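Asker:
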Amino acid sequence: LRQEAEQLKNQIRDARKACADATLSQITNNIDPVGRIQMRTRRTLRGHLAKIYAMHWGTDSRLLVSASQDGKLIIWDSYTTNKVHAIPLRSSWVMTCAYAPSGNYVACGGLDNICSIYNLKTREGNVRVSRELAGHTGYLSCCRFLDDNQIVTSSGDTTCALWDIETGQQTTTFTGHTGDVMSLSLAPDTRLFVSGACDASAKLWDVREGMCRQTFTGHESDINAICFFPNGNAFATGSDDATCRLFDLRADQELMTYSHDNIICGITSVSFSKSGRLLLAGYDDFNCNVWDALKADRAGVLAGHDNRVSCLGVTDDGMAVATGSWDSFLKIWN
Amino acid sequence: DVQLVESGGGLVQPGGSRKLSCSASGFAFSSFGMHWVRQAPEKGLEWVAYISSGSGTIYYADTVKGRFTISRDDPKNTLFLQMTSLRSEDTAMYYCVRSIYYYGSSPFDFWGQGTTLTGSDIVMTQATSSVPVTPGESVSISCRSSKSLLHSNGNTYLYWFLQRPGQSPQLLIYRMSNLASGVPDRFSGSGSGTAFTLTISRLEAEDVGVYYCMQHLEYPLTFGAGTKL
Amino acid sequence: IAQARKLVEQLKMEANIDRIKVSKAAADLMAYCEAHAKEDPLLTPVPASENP
Amino acid sequence: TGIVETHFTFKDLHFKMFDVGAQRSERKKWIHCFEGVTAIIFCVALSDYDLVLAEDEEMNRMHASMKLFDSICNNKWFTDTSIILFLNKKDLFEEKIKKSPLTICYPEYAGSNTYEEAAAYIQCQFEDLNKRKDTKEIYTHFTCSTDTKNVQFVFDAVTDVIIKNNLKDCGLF
Amino acid sequence: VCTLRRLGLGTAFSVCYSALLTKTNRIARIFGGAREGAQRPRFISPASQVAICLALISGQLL
Amino acid sequence: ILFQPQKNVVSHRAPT
Amino acid sequence: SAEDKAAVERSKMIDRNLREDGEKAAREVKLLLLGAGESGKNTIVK
Numbered sequence: 295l296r297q298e299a300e301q302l303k304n305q306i307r308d309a310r311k312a313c314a315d316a317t318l319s320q321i322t323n324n325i326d327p328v329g330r331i332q333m334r335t336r337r338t339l340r341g342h343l344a345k346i347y348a349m350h351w352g353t354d355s356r357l358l359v360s361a362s363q364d365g366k367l368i369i370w371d372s373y374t375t376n377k378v379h380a381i382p383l384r385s386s387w388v389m390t391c392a393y394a395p396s397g398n399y400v401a402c403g404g405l406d407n408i409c410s411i412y413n414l415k416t417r418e419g420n421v422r423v424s425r426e427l428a429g430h431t432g433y434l435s436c437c438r439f440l441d442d443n444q445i446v447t448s449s450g451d452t453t454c455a456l457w458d459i460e461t462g463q464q465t466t467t468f469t470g471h472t473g474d475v476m477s478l479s480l481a482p483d484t485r486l487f488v489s490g491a492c493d494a495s496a497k498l499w500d501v502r503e504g505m506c507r508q509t510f511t512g513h514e515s516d517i518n519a520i521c522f523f524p525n526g527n528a529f530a531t532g533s534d535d536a537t538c539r540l541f542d543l544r545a546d547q548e549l550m551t552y553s554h555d556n557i558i559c560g561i562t563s564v565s566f567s568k569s570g571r572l573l574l575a576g577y578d579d580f581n582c583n584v585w586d587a588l589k590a591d592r593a594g595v596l597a598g599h600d601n602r603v604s605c606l607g608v609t610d611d612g613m614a615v616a617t618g619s620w621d622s623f624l625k626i627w628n
Numbered sequence: 143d144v145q146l147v148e149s150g151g152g153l154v155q156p157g158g159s160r161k162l163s164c165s166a167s168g169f170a171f172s173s174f175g176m177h178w179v180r181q182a183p184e185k186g187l188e189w190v191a192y193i194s195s196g197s198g199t200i201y202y203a204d205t206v207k208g209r210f211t212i213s214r215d216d217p218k219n220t221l222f223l224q225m226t227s228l229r230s231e232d233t234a235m236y237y238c239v240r241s242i243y244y245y246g247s248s249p250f251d252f253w254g255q256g257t258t259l260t261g262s263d264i265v266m267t268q269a270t271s272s273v274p275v276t277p278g279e280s281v282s283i284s285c286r287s288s289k290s291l292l293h294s295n296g297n298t299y300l301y302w303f304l305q306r307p308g309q310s311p312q313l314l315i316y317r318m319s320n321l322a323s324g325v326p327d328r329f330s331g332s333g334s335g336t337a338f339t340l341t342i343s344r345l346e347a348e349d350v351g352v353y354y355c356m357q358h359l360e361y362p363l364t365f366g367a368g369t370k371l
Numbered sequence: 011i012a013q014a015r016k017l018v019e020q021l022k023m024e025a026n027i028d029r030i031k032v033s034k035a036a037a038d039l040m041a042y043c044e045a046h047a048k049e050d051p052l053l054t055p056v057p058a059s060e061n062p
Numbered sequence: 238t239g240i241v242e243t244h245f246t247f248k249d250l251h252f253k254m255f256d257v258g259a260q261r262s263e264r265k266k267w268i269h270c271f272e273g274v275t276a277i278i279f280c281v282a283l284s285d286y287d288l289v290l291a292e293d294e295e296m297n298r299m300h301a302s303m304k305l306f307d308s309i310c311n312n313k314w315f316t317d318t319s320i321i322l323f324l325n326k327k328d329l330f331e332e333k334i335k336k337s338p339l340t341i342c343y344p345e346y347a348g349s350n351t352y353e354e355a356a357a358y359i360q361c362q363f364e365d366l367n368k369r370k371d372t373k374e375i376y377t378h379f380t381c382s383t384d385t386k387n388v389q390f391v392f393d394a395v396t397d398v399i400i401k402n403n404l405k406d407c408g409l410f
Numbered sequence: 151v152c153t154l155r156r157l158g159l160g161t162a163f164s165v166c167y168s169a170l171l172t173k174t175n176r177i178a179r180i181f182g183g184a185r186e187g188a189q190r191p192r193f194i195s196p197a198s199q200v201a202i203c204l205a206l207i208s209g210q211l212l
Numbered sequence: 067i068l069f070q071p072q073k074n075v076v077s078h079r080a081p082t
Numbered sequence: 003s004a005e006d007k008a009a010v011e012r013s014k015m016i017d018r019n020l021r022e023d024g025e026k027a028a029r030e031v032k033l034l035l036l037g038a039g040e041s042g043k044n045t046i047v048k
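Residue numbers (the numbering used here), protein chains in the order written: chain E, 295 to 628; chain G, 143 to 371; chain S, 11 to 62; chain D, 238 to 410; chain U, 151 to 212; chain R, 67 to 82; chain P, 3 to 48.
(1) Less than 7 Å between the beta carbons of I561(E) and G532(E), yes or no?
(2) What residues from chain P crowd round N376(E), counting only those whose CB sits closer than 7 Å?
(3) If we cut at 7 Å on Cβ distances, does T453(E) have a partner in chain S?
(4) So that I know if they touch, is there some Cβ in chain E lying closer than 7 Å to that of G42(P)?
(5) I want to verify the contact list: residues of chain D whose CB lies under 8 Å from the CB of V76(R), in sequence order.
(6) Check the Cβ of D611(E) against every Cβ in chain G and list those closer than 8 Å, keeping chain order.
(7) Assuming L259(G) contacts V154(G) (C-beta within less than 8 Å), just tell me the rounded distance between them.
(8) Per DSSP, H251(D) is paired with what?
(9) Taking only three categories from DSSP, how would you classify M333(E)?
(10) Check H342(E) in the structure and name its three-state DSSP category.
(11) Is the beta carbon of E5(P) sitting closer than 7 Å to the one on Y243(G)?
(12) In chain D, which residues lie with their C-beta within 8 Å of the C-beta of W351(E)?
(13) Just checking, does the stretch 216–236 of chain G make contact with the stretch 147–161 of chain G on the three C-beta pairs under 8 Å criterion?
(14) If I'm right that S319(G) touches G331(G) with Cβ under 8 Å, what's the distance once you round it to whole angstroms?
(15) Based on Cα-Cα distance, which residue from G473(E), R544(E), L573(E) lies nearest to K266(D)?
(16) Check this for me: beta carbons of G186(G) and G368(G), under 7 Å apart or not?
(17) Check the Cβ-Cβ distances between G258(D) and every residue of chain E, and say whether any is below 7 Å.
(18) Out of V388(D), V274(D), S284(D), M303(D), state which residue places its alpha-carbon closest to the alpha-carbon of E332(D).
(19) Between the stretch 24–36 of chain P and chain D, which residues of the former have a C-beta closer than 7 Å to a C-beta of the latter?
(20) Less than 7 Å between CB atoms is the rule here; does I202(U) satisfy it with respect to chain D?
(21) Mind checking which residues open and close the alpha helix (DSSP H) that includes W457(E)?
(22) Since I believe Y354(G) is in contact with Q312(G) (beta carbons under 8 Å), could you give me their beta-carbon distance rounded to a whole number of angstroms?
(23) Any C-beta of chain R sitting closer than 7 Å to the C-beta of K368(D)?
(24) Confirm, please, whether the CB-CB distance from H378(D) to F363(D) is below 7 Å.
(25) How many angstroms separate the CA atom of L456(E) from the CA atom of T375(E)?
(26) With DSSP as the reference, please indicate the residues paired to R240(G) in a beta bridge.
(27) Is the stretch 603–617 of chain E touching the stretch 558–574 of chain E, taking contact as three or more C-beta pairs under 8 Å?
(28) In chain order, what residues of the stretch 295–313 of chain E put their CB closer than 9 Å to some CB of chain S?
(29) In whole angstroms, what is the alpha-carbon distance linking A38(P) and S302(D)?
(30) Can you confirm whether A35(S), when its beta carbon is compared against all beta carbons of chain E, has any partner nearer than 7 Å?
(31) How would you write the range of the beta strand (DSSP E) that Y552(E) sits in, first residue to last?
(32) In chain D, which residues lie with their C-beta within 9 Å of the C-beta of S195(U)?
(33) Can you check whether the C-beta of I180(U) is within less than 7 Å of a C-beta belonging to chain D?
(34) For the alpha helix (DSSP H) that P196(U) lies in, which residues bound it at each end?
(35) Who are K497(E)'s beta bridge partners in DSSP?
(36) Note down, in chain order, every chain D residue with its Cβ under 8 Å from the Cβ of residue 117(U).
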């Protein structure tokens, strides 16, 4: 019962306090901040005709895919800014998109509880639907490609399930969290997809083994987006209370909090850079923001979006960041 | 299944001419560019004409400029080609070619069965005409061009075909560094600027054929001399 | 069964709390940023940008 | 369990209603994902002003709709869209209008249970919840138990807001 | 003075009678969208109407 | 606007 | 710039396809059914 869990709840807090007393994440205070990194313009990709919620890059940092309410999934390339696949979409109420690591498949999901899989490389000049994924009652909040065959996606039914595109079935079910699950972020090791659920608690999961090893709490309001640090030693979680945090893996606790007095909005998307020193943001004031994770200070502010951003992505080789604004504009800032 | 069987050209006479009809099956014709290729009984391949998607762009060869007319029927999924005042040099067997153009695409990846009809351009020259080969050996085929094919975008325009005896050629390597779909990983190519080579290891019995190399920079589409293997 | 599931799940975090770091987590992120500072092109402008 | 978009066309205008509700998630996470809509339709059961939720045992069936209706109109997302009101099963309501006192829903109401009179008070109680009503319009309708002629009203209701929306941007209004 | 007398007389009776045409067209087209539905007609905007008003005026200048 | 104020009424295409 | 020119030509064609679908999507009215269930929603959708 809850009486037994009370002792366990207090026991883990004592261990967390011991780690919190060892360091303060500000012992150095001499990280030599770069300063003004104001990347301005030179990318004004257009083509959509409705609101945009997702924008995912490729492994080669060449192909960019975005999903909109118009029911048209479009694949873009930043270099030549010309549309390559203006493929149609069965569901108009979509909220996420995914791009295969091998550059062969894309995924879409929305309020219809369908995770459609499309094969880009087909010997017919037109993509087809690989199969229809069903089994969720909530909504495809965020979808990612675990590999070329196995994928992991979120749902609005507090259930994250691994999928098998070969035949179609939920190999594993992770229905062990109360709030709503909003987004997930994978790992280069292809083993961790820590959640960004609505109840302000990030729960870690293990691929092919249903279990939770650590839960990260300490956020107010809701959580809308989550990222993952490149080396796997930490990750950043974006809450809806205009606050950000950096949850370390070994420390398993919050060590930094990024929030200014004047700003009160929320985070809709967050993503690290290659080095991880500079962290981007998703503030809802019709503009994006960047925070320096080294000096714990704001590096700069960039704007130019008529509507507030909804998606954000950093290329795997850097030197390009895209913003999925609610307006039908995607800009790669450089 | 993809079928590009073409019906049309046969016995003709000087002055009189007649048209071609290439029928599509198993694929979307409206989203593909289409090409025609001549093969003389004693010579190699040759460009004829090209129709883009939606008939938005029209091209013709110098030898048939103002003489041949190209047209397509997207609803009928059939491709036509009008001919006027056929000459003796036009006596050759025609090819129907399927192609698409986008980032990462594989142009000239499928060819039709084929029917039998009875200066500024970049010069494609192959110094070798034939090579005796044995199973299990390694052979290198060198293809050279009069103009460098390396564009500022960082990609070159090289295409390779293998002439099976009695059927249509098949694409092997496109852009000199990408293998076509269905082609084994054994086939490979290398080059820089104008000295392009193709490397084959562990020769098999089926590997016998004639290799042709093309260029696509600008648009003087010409075929190579052809090396017999 | 909800109470039983909650208590059996709680011991996993307590058991995982044994593998805990005091200062390695902070040093690991700082070392990674410094080591990969040259590789990252966002912090330092480059003259050979692929998106001009 | 997802939403259902039904098609129906009348008088040379195509309509695509969205049956959103089966969704049992936050809803708010996709409430904003249902904007740009010209108008919304709110269905109210007239013969529910007495019924009380058995599980809650404290919240009335009609009073529960009052909280939902107030939240929908008062949010910042739906400030630029009109409201269409539908009343269902008036035959049972008319039968219960005297059988069950209007007080059961409106204790303050003390007027004769006469349908015409009661229907008037409950209709006026729908629109007095929004803080701002200058840019908000409500098109109340009574429909029917079979609702054979309700298609004409919704066709006229959208036409009123289609013209109004166009004039707002053009500055003519 | 003689040069702009022809310009002055032509433009004044063209500016006055072109704004009325745009106003009548804008009202008629907006109320003429009964056949269509839930869509915003093009060229009806405060910025676009000024430009289209000068298009008819500039025709007289030519 | 001036001679008879206090009206300030403009209406849409109202059929009822 | 040969294949790039053809790629731009394909982009222009599918740009028109997206453009023409914009009017069709905008030519249809959108209505949202709201309220508690079993309150008459069946009689207005059948």
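Beta carbons are placed, not taken as given, at the ideal position from N, Cα and C, and that holds for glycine.
Answerer: Well, looking at it:
(1) yes
(2) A9, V10, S13
(3) no
(4) no
(5) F410
(6) Going along chain G, no residue has its Cβ under 8 Å from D611(E), so there is no contact; the nearest lies around 15 Å.
(7) 7 Å
(8) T246(D), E30(P)
(9) coil
(10) coil
(11) yes
(12) Within chain D, no residue comes near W351(E); the closest Cβ sits about 23 Å away, beyond 8 Å.
(13) yes
(14) 7 Å
(15) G473(E)
(16) yes
(17) no
(18) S284(D)
(19) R29, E30, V31, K32, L33, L34, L35, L36
(20) no
(21) Unbroken run through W457(E) is the beta strand (DSSP E), 455–458; no alpha helix (DSSP H).
(22) Not quite, the Cβ-Cβ distance comes to about 11 Å (not below 8 Å), so this is no contact.
(23) no
(24) no
(25) 34 Å
(26) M176(G), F252(G)
(27) yes
(28) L295, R296, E298, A299, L302, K303, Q305, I306, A309, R310, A312, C313
(29) 7 Å
(30) yes
(31) 548–552
(32) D406, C407, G408
(33) yes
(34) 196–211
(35) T509(E)
(36) The requested residue 117(U) is not part of the displayed model; chain U covers only 151 to 212.
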